[PDB]
């Protein structure tokens, strides 16, 4: 979708969230809110209006996996783009992310170039 599309960045580390916010900014995406955990993310997403979720995998309370599943099972936001950020390239985590319906995944740390690439690749499919 347009770069006005509203992003939600989920991570229990504020420093990592500002990194993702800053990279999105650099790519031209200025509509960005943050969530400190899956619960805060879902409370916020139910508030409607978001067009893309970038979520950390490893998070306390509700990890990234649970968030993705709740979203994919939520009839109203089941189609919401979800990019998962993971700490290592472990096939376990990756395959489960794909299986749970992750629109894509990235290994942190990542560059603006990669984020752009993933974002473009996903916008591609969705034809956005």
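Numbering follows the first chain given and starts at 1.
- Annotation for residue 50: CA B-factor lies in the highest third of the chain's modelled residues.
- Sort the modelled residues of the chain by CA B factor and residue 96 lands in the middle third.
- In this PDB entry, residue 38 carries a Cα temperature factor that places it within the middle third of its chain's modelled residues.
- Remark: residue 56 belongs to the lowest third of its chain, ranked by C-alpha B-factor as recorded.
- Among the modelled residues of its chain, residue 62 has a C-alpha B-factor that falls in the highest third according to the deposited record.
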